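**Q** See my_file-v1.txt below, with compact mmCIF, N, CA and C atoms.
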```
# COMPACT_ATOMS: atom_id res chain seq x y z
N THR A 200 26.88 1.32 30.33
CA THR A 200 27.79 0.82 29.32
C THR A 200 28.35 1.95 28.46
N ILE A 201 27.50 2.91 28.09
CA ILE A 201 27.96 4.00 27.23
C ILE A 201 28.73 5.06 28.01
N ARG A 202 28.62 5.08 29.34
CA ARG A 202 29.44 5.98 30.14
C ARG A 202 30.77 5.36 30.54
N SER A 203 30.86 4.03 30.58
CA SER A 203 32.16 3.39 30.81
C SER A 203 33.13 3.72 29.68
N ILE A 204 32.71 3.47 28.44
CA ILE A 204 33.44 3.92 27.25
C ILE A 204 33.03 5.36 27.00
N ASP A 205 33.73 6.05 26.10
CA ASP A 205 33.34 7.41 25.74
C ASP A 205 31.93 7.42 25.17
N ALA A 206 31.12 8.37 25.64
CA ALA A 206 29.72 8.46 25.24
C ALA A 206 29.51 9.30 23.99
N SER A 207 30.58 9.85 23.41
CA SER A 207 30.43 10.65 22.20
C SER A 207 29.95 9.82 21.02
N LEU A 208 30.32 8.54 20.96
CA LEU A 208 29.93 7.70 19.84
C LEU A 208 28.42 7.54 19.76
N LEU A 209 27.77 7.30 20.90
CA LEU A 209 26.32 7.16 20.90
C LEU A 209 25.63 8.45 20.49
N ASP A 210 26.14 9.59 20.98
CA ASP A 210 25.56 10.87 20.59
C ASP A 210 25.70 11.12 19.10
N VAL A 211 26.87 10.82 18.54
CA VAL A 211 27.08 11.01 17.10
C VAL A 211 26.14 10.11 16.31
N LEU A 212 26.00 8.85 16.73
CA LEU A 212 25.14 7.93 15.99
C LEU A 212 23.67 8.33 16.12
N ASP A 213 23.27 8.87 17.27
CA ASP A 213 21.91 9.39 17.40
C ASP A 213 21.69 10.58 16.48
N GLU A 214 22.68 11.47 16.38
CA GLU A 214 22.57 12.59 15.45
C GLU A 214 22.44 12.09 14.02
N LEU A 215 23.24 11.10 13.64
CA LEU A 215 23.18 10.57 12.28
C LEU A 215 21.86 9.85 12.01
N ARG A 216 21.32 9.13 12.99
CA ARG A 216 20.05 8.45 12.76
C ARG A 216 18.90 9.45 12.65
N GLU A 217 18.95 10.54 13.43
CA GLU A 217 17.95 11.59 13.27
C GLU A 217 18.08 12.27 11.91
N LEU A 218 19.32 12.47 11.46
CA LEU A 218 19.54 13.00 10.11
C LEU A 218 18.97 12.06 9.06
N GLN A 219 19.14 10.76 9.25
CA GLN A 219 18.57 9.79 8.33
C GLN A 219 17.05 9.87 8.33
N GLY A 220 16.45 10.00 9.51
CA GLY A 220 15.00 10.09 9.59
C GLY A 220 14.45 11.31 8.88
N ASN A 221 15.05 12.48 9.14
CA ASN A 221 14.56 13.69 8.49
C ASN A 221 14.87 13.69 7.00
N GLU A 222 16.00 13.09 6.59
CA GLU A 222 16.30 12.98 5.17
C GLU A 222 15.31 12.06 4.47
N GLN A 223 14.92 10.96 5.11
CA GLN A 223 13.89 10.09 4.54
C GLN A 223 12.55 10.81 4.47
N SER A 224 12.23 11.63 5.48
CA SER A 224 11.01 12.43 5.42
C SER A 224 11.04 13.38 4.23
N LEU A 225 12.17 14.07 4.03
CA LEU A 225 12.31 14.94 2.87
C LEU A 225 12.25 14.15 1.57
N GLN A 226 12.73 12.90 1.58
CA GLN A 226 12.68 12.08 0.38
C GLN A 226 11.25 11.71 0.01
N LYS A 227 10.45 11.28 1.00
CA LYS A 227 9.05 11.00 0.68
C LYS A 227 8.29 12.28 0.32
N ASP A 228 8.68 13.41 0.92
CA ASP A 228 8.11 14.69 0.48
C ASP A 228 8.46 14.96 -0.98
N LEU A 229 9.69 14.66 -1.38
CA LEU A 229 10.09 14.83 -2.77
C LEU A 229 9.30 13.90 -3.69
N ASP A 230 9.05 12.67 -3.24
CA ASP A 230 8.23 11.75 -4.03
C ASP A 230 6.80 12.27 -4.18
N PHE A 231 6.24 12.84 -3.11
CA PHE A 231 4.92 13.45 -3.21
C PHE A 231 4.93 14.64 -4.16
N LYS A 232 5.99 15.44 -4.12
CA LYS A 232 6.14 16.54 -5.07
C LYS A 232 6.23 16.00 -6.49
N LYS A 233 6.91 14.87 -6.67
CA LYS A 233 6.95 14.22 -7.97
C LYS A 233 5.56 13.79 -8.41
N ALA A 234 4.75 13.27 -7.49
CA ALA A 234 3.38 12.90 -7.83
C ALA A 234 2.56 14.13 -8.22
N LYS A 235 2.80 15.26 -7.54
CA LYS A 235 2.15 16.50 -7.94
C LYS A 235 2.60 16.92 -9.33
N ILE A 236 3.88 16.74 -9.64
CA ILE A 236 4.38 16.96 -10.99
C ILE A 236 3.68 16.02 -11.97
N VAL A 237 3.39 14.79 -11.54
CA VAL A 237 2.67 13.85 -12.39
C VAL A 237 1.29 14.39 -12.73
N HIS A 238 0.57 14.89 -11.73
CA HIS A 238 -0.74 15.45 -12.02
C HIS A 238 -0.61 16.72 -12.86
N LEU A 239 0.48 17.46 -12.69
CA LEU A 239 0.74 18.60 -13.56
C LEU A 239 0.92 18.16 -15.00
N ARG A 240 1.61 17.04 -15.22
CA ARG A 240 1.74 16.48 -16.56
C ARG A 240 0.40 15.97 -17.06
N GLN A 241 -0.44 15.50 -16.14
CA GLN A 241 -1.76 15.00 -16.49
C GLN A 241 -2.70 16.15 -16.87
N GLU A 242 -2.42 17.35 -16.37
CA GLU A 242 -3.25 18.51 -16.66
C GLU A 242 -2.65 19.44 -17.72
N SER A 243 -1.38 19.26 -18.08
CA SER A 243 -0.78 20.11 -19.11
C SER A 243 -1.45 19.90 -20.46
N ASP A 244 -1.77 18.65 -20.80
CA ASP A 244 -2.50 18.39 -22.03
C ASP A 244 -3.89 19.02 -21.99
N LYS A 245 -4.53 19.03 -20.82
CA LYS A 245 -5.81 19.71 -20.69
C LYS A 245 -5.67 21.21 -20.89
N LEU A 246 -4.59 21.80 -20.36
CA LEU A 246 -4.34 23.22 -20.58
C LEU A 246 -4.13 23.53 -22.06
N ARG A 247 -3.36 22.69 -22.74
CA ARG A 247 -3.15 22.88 -24.18
C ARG A 247 -4.46 22.69 -24.94
N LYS A 248 -5.30 21.75 -24.50
CA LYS A 248 -6.60 21.56 -25.11
C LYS A 248 -7.48 22.79 -24.93
N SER A 249 -7.43 23.41 -23.74
CA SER A 249 -8.17 24.65 -23.52
C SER A 249 -7.66 25.76 -24.43
N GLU B 896 5.45 26.69 -10.63
CA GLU B 896 5.64 25.70 -9.57
C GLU B 896 6.22 24.40 -10.12
N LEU B 897 5.84 24.01 -11.34
CA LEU B 897 6.43 22.83 -11.95
C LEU B 897 7.93 23.00 -12.13
N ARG B 898 8.36 24.15 -12.66
CA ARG B 898 9.78 24.39 -12.84
C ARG B 898 10.50 24.43 -11.50
N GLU B 899 9.89 25.08 -10.50
CA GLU B 899 10.53 25.18 -9.19
C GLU B 899 10.70 23.81 -8.54
N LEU B 900 9.68 22.96 -8.62
CA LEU B 900 9.79 21.64 -8.00
C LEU B 900 10.71 20.73 -8.81
N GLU B 901 10.74 20.89 -10.13
CA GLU B 901 11.69 20.15 -10.94
C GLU B 901 13.12 20.52 -10.57
N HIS B 902 13.35 21.80 -10.25
CA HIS B 902 14.65 22.21 -9.72
C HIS B 902 14.87 21.68 -8.31
N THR B 903 13.80 21.54 -7.52
CA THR B 903 13.93 21.00 -6.17
C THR B 903 14.30 19.52 -6.20
N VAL B 904 13.98 18.84 -7.30
CA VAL B 904 14.24 17.39 -7.37
C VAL B 904 15.72 17.05 -7.27
N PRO B 905 16.62 17.58 -8.12
CA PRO B 905 18.02 17.15 -8.04
C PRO B 905 18.71 17.48 -6.73
N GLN B 906 18.35 18.60 -6.09
CA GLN B 906 18.97 18.95 -4.82
C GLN B 906 18.69 17.89 -3.76
N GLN B 907 17.44 17.42 -3.68
CA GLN B 907 17.12 16.34 -2.76
C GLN B 907 17.71 15.02 -3.22
N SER B 908 17.78 14.79 -4.54
CA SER B 908 18.34 13.54 -5.04
C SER B 908 19.82 13.42 -4.72
N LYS B 909 20.54 14.54 -4.64
CA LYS B 909 21.95 14.50 -4.27
C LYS B 909 22.12 14.06 -2.83
N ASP B 910 21.11 14.29 -1.99
CA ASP B 910 21.17 13.87 -0.60
C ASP B 910 20.73 12.41 -0.48
N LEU B 911 20.78 11.90 0.76
CA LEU B 911 20.42 10.53 1.13
C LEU B 911 21.48 9.53 0.67
N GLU B 912 22.48 9.99 -0.09
CA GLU B 912 23.61 9.14 -0.45
C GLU B 912 24.83 9.44 0.42
N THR B 913 25.22 10.71 0.50
CA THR B 913 26.28 11.10 1.42
C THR B 913 25.86 10.84 2.87
N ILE B 914 24.60 11.11 3.19
CA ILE B 914 24.11 10.87 4.55
C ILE B 914 24.18 9.38 4.88
N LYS B 915 23.72 8.54 3.96
CA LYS B 915 23.74 7.10 4.21
C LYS B 915 25.17 6.56 4.23
N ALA B 916 26.05 7.11 3.39
CA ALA B 916 27.45 6.70 3.42
C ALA B 916 28.09 7.05 4.77
N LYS B 917 27.83 8.26 5.27
CA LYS B 917 28.36 8.64 6.57
C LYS B 917 27.79 7.77 7.68
N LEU B 918 26.49 7.47 7.61
CA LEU B 918 25.87 6.60 8.61
C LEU B 918 26.50 5.21 8.58
N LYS B 919 26.73 4.67 7.38
CA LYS B 919 27.33 3.35 7.27
C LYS B 919 28.76 3.36 7.80
N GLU B 920 29.53 4.41 7.51
CA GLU B 920 30.89 4.49 8.03
C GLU B 920 30.89 4.56 9.56
N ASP B 921 30.01 5.39 10.13
CA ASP B 921 29.94 5.49 11.59
C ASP B 921 29.53 4.16 12.21
N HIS B 922 28.55 3.48 11.61
CA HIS B 922 28.12 2.19 12.14
C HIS B 922 29.23 1.15 12.02
N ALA B 923 29.98 1.18 10.91
CA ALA B 923 31.08 0.24 10.73
C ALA B 923 32.19 0.48 11.75
N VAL B 924 32.47 1.75 12.08
CA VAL B 924 33.46 2.04 13.12
C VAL B 924 32.94 1.59 14.48
N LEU B 925 31.66 1.85 14.77
CA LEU B 925 31.11 1.59 16.09
C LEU B 925 30.89 0.11 16.38
N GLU B 926 30.51 -0.68 15.38
CA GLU B 926 30.04 -2.04 15.64
C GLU B 926 31.08 -2.95 16.28
N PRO B 927 32.30 -3.09 15.75
CA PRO B 927 33.21 -4.10 16.31
C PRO B 927 33.59 -3.85 17.76
N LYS B 928 33.76 -2.59 18.16
CA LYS B 928 34.20 -2.30 19.52
C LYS B 928 33.15 -2.72 20.55
N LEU B 929 31.90 -2.28 20.36
CA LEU B 929 30.85 -2.70 21.28
C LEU B 929 30.56 -4.18 21.15
N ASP B 930 30.74 -4.76 19.96
CA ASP B 930 30.55 -6.20 19.82
C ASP B 930 31.53 -6.97 20.68
N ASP B 931 32.82 -6.61 20.62
CA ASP B 931 33.80 -7.32 21.44
C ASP B 931 33.59 -7.03 22.92
N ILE B 932 33.21 -5.80 23.27
CA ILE B 932 32.94 -5.49 24.67
C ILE B 932 31.78 -6.33 25.20
N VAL B 933 30.71 -6.44 24.41
CA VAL B 933 29.55 -7.22 24.83
C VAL B 933 29.90 -8.69 24.93
N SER B 934 30.69 -9.20 23.98
CA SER B 934 31.11 -10.60 24.05
C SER B 934 31.94 -10.85 25.31
N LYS B 935 32.86 -9.94 25.63
CA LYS B 935 33.69 -10.11 26.82
C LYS B 935 32.85 -10.07 28.10
N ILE B 936 31.92 -9.11 28.20
CA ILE B 936 31.13 -9.01 29.42
C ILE B 936 30.18 -10.20 29.54
N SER B 937 29.67 -10.70 28.42
CA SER B 937 28.83 -11.90 28.46
C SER B 937 29.63 -13.12 28.90
N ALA B 938 30.86 -13.25 28.40
CA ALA B 938 31.71 -14.36 28.83
C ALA B 938 32.02 -14.27 30.32
N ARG B 939 32.30 -13.06 30.82
CA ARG B 939 32.53 -12.88 32.25
C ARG B 939 31.27 -13.21 33.05
N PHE B 940 30.10 -12.81 32.55
CA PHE B 940 28.85 -13.13 33.21
C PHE B 940 28.64 -14.63 33.30
N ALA B 941 28.91 -15.35 32.21
CA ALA B 941 28.77 -16.80 32.23
C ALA B 941 29.76 -17.45 33.19
N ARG B 942 31.02 -17.00 33.18
CA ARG B 942 32.02 -17.61 34.04
C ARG B 942 31.78 -17.28 35.51
N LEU B 943 31.08 -16.18 35.79
CA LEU B 943 30.73 -15.86 37.16
C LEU B 943 29.44 -16.54 37.61
N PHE B 944 28.55 -16.86 36.66
CA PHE B 944 27.31 -17.54 36.99
C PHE B 944 27.42 -19.06 36.94
```
What does this structure look like when you write it as structure tokens?

**A**
Amino acid sequence: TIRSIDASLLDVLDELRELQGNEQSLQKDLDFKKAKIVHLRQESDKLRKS
Amino acid sequence: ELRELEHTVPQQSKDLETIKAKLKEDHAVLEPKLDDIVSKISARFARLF
């Protein structure tokens, strides 16, 4: 079916879906980095206390 | 590291919007053509069966 019509559309959409997957991976990585920032905020008061 | 990751936050936040917009545009362009093709081939399959 994809060779009857031009097959470039499927390749482009596969590239975009892989981009979406890796972007979502980077997004959850950013959320984990935010959680690390949260623990940094949780320890900044301890540093000031020290 | 806190400052560096705080700077890393907006760069990633700017993404996932342009990417999703491009994905939605590509899907919107792609969907009707294959939808009509599939409908036509299914109708031909039914009329032949």

**Q** So how many Å separate atom N of residue B:911 and atom CA of residue A:222, to one decimal?

**A**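 Here the two named atoms are 6.4 Å from each other.
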
**Q** Pick from B:924, B:932, B:943, B:897: nearest to chain A, with only C-alpha atoms counted?

**A**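 Looking at the shortest contact to chain A, the residue is B:897.
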
**Q** Could you make a table, as CSV, of the residues of chain A that have an atom within 7 Å of an atom of chain B, each with its nearest atom pair and distance in Å to one decimal, counting only N, CA and C atoms, in chain and number order?

**A**
```
residue,atom,partner,partner_atom,distance
A:212,CA,B:921,C,6.9
A:215,CA,B:918,CA,6.0
A:216,N,B:918,CA,6.8
A:218,C,B:914,CA,6.9
A:219,CA,B:914,C,6.6
A:222,CA,B:911,CA,6.3
A:223,N,B:911,CA,6.8
A:225,C,B:907,CA,6.9
A:226,CA,B:907,C,6.8
A:229,CA,B:904,CA,6.7
A:232,C,B:900,CA,6.8
A:236,CA,B:897,CA,6.3
```

**Q** One decimal, Å: what's the distance from atom CA of residue A:207 over to atom CA of residue B:937, could you say?

**A**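 Here the two named atoms are 23.5 Å from each other.
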
**Q** What's the separation between atom CA of residue B:920 and atom CA of residue B:936, in Å to one decimal place?

**A** 25.3 Å
